[PDB]
Amino acid sequence: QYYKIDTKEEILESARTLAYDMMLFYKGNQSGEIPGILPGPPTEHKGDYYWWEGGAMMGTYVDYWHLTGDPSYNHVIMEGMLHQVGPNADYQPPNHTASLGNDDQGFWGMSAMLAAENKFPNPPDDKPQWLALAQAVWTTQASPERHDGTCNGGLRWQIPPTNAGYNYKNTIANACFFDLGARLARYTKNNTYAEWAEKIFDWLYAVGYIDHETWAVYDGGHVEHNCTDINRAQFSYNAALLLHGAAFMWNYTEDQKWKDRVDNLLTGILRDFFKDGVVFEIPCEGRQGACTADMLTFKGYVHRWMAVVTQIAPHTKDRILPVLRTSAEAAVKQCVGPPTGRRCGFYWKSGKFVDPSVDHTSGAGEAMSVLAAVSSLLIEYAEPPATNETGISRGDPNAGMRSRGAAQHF
Ligand SMILES: OC[C@H]1O[C@H](O)[C@@H](O)[C@@H](O)[C@@H]1O
Ligand SMILES: [Ca+2]
Ligand SMILES: [Ca+2]
C-alpha cells in the first residue's frame with residue numbers, strides 16, 4: 001500500500017497527493033481549454049466524461065479545501081464553477097442542452113450550495129454568488145412547467161421535452177431538488193424551501209421509489225405507465241442523497257418524522273451498499289466492464305455526504321464513521337496501480353487494483369471517489385455546514401427569475 005491514513009497528518013498528506021492525481025485529469029485551467037469540465041463529452045470523442053461530472057469534481061474540491069485547509073486549487077475551482085453558470089446564472093448554459101437534466105443541473109447547484117455552506121471564498125462582486133446560484137437552480141426546478149400531473153407530480157429526468165428520457169420521472173432528479181430545498185431551508189431559514197422538500201420527499205415515498213418496507217431506493221419509472229414500471233436498480237447515490245437531504249430536514253425541523261426517515265434510510269444503505277464495511281456499487285460492480293463513467297463517481301458522493309450527515313444528525317455518527325473508515329481503508333489499499341505505484345481503481349471491496357481501462361475511461365471518477373473518501377476521514381475536525389448566521393455568501397431574491405430565463409420560452 002502506498003497511501004497511509006492512520007493519523008491526521010498521514011490523511012492530510014494522502015489527500016494532498018490524491019488531489020494532485022485527480023487534478024492531472026483536468027485541463028480546463030490551461031490555455032485554450034474550457035474551465036469547469038473534465039475531458040469530453042464522449043459523444044464528441046473529446047474524452048470520457050459529461051458536463052455534470054465537472055460539477056461533481058468542483059464540489060469534491062470545495063469539500064477538499066473545507067476538510068484539509070489546503071487552498072491550493074481554490075482559484076482553479078472558482079474559475080470552473082463560474083464558467084459554467086450560463087447567461088442566466090442558473091447552471092443552464094445552452095451549449096449543453098443535450099446534457100441538461102435536472103440531475104446535471106442539480107449537481108452544479110449542489111456544488112454551489114456546498115460552497116456557501118463551506119464558506120468557500122466568494123466570487124468577485126460582479127459575478128454570481130454561491131448561495132444565489134443554488135437558489136437559481138432550485139427556483140428553476142420549482143418552476144410550474146417542471147411539475148405536471150403525470151404520476152401526480154415529481155420532476156422528469158430531463159429538462160427539454162425533446163430530450164430522450166423526458167418520459168422518465170426518476171429518483172435522482174427529485175433527490176437533487178429535495179436535497180437543495182432542504183439545504184436552502186437550513187441555510188436561509190426560509191420555510192418555503194422546506195415545504196417543497198417535504199412535498200418532493202412525500203412524492204418519492206408515495207410513488208414507491210422509496211420502498212415502504214425496506215427503505216431501498218429504486219431508480220425511477222415512466223410517465224406512460226403512471227410511474228409503476230419501477231426500475232429497481234439501486235444506485236448508491238440515490239439512497240445517500242435522500243439520506244443527506246433528510247438529515248438537513250431533521251436538523252432544520254427537529255421533527256421526529258425526519259429522524260425516523262434518516263434512521264430508516266441509513267439502515268437500508270448500510271444493509272445494501274456496505275459489504276464487510278466497504279461501499280459497493282451493487283447495480284454494476286459485481287463484474288468488471290459494466291459501470292458507466294457516471295457510476296464510477298457515486299461512492300465518492302456516498303462518503304462525502306454520509307460524513308456530513310454525522311455533523312448535522314450527530315446521533316448517526318457511530319453508525320457511519322466506522323464504516324466510512326473501513327471503506328476508505330479498502331479504497332487506499334487498491335491505489336497501487338502502475339505506472340505510478342499509486343493509481344486508483346474502483347473495485348475496493350475486491351482488494352485488488354483493476355485498471356480503469358476495463359471500464360473504458362481514463363480513471364477520473366475512481367480518482368475523485370478516493371479523494372472524496374480519504375478527505376472525508378477528516379470530518380471530525382471540520383466545521384459543520386454554515387447557515388446564514390455565519391456564512392459569507394449572498395443570495396438573490398430573483399435567482400432563476402430573469403426574463404431571458406429558459407422557463408420563459410418553454
Ligand atoms: O448513472 C445512473 C443514472 O443513469 C442515468 O442518469 C439515469 O438512469 C438515472 O436514473 C440513473 O440513476
Ligand atoms: Ca444528463
Ligand atoms: Ca472512453
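Count residues from 1 along the sequence. Remember, it's 1-based here, ligands and their atoms both numbered in the order they're listed.
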Short list, please: which atoms of ligand 1 are under 4.0 Å from a heavy atom of [X]?
X      : result
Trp157 : 5 (C), 6 (O), 7 (C)
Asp219 : 8 (O), 9 (C), 10 (O), 11 (C), 12 (O)
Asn170 : 9 (C), 10 (O)

Does the side chain of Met295 come within less than 4.5 Å of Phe346's, by heavy atoms? no
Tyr168 versus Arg156: any side-chain heavy-atom pair under 4.5 Å?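 Result no, sub-4.5 Å side-chain heavy-atom pair not found.
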Scan for disulfide bond (SG atoms under 2.5 Å apart) pairs involving residues 252-299, sequence neighbours excluded, and state none if there are none.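 Found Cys284-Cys291.
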Approximate separation, where rounding is to 0.5 Å, of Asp396 CG and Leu131 CG: 9.0 Å
Can you name the side-chain hydrogen bond (donor to acceptor under 3.5 Å, both in side chains) partners of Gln105, sequence neighbours left out? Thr140, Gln141, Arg146
So which N/O/S atom does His360 have closest to the Ca ion (ligand 3)?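 Nearest to the Ca ion (ligand 3) within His360's N, O and S set: O.
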Tell me which N, O or S atom from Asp48 is the closest to the Ca ion (ligand 3). OD1
Parallel, tilted or perpendicular for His222 and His225, by the 30°/60° rule?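 Perpendicular.
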Which protein non-hydrogen atom lies closest to atom 3 (C) of ligand 1, naming both residue and atom, and how far is it?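 It is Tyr237 OH, 3.3 Å.
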Top protein contact for atom 1 (O) of ligand 1, by heavy-atom distance: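 That would be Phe298 CZ, 3.3 Å.
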Who are the ring-ring contact (aromatic ring centres under 6.0 Å, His included) partners of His66, not counting sequence neighbours? none
Picking from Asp103, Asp219, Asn102, what satisfies side-chain hydrogen bond (donor to acceptor under 3.5 Å, both in side chains) with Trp157? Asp103
Given the ring of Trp348, does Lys299 sit roughly above its face, with NZ or CZ under 6.0 Å from the centre of the six-membered ring and within 45° of the axis? yes
Can you check the number of protein N/O/S atoms within less than 3.0 Å of the Ca ion (ligand 2)? 2
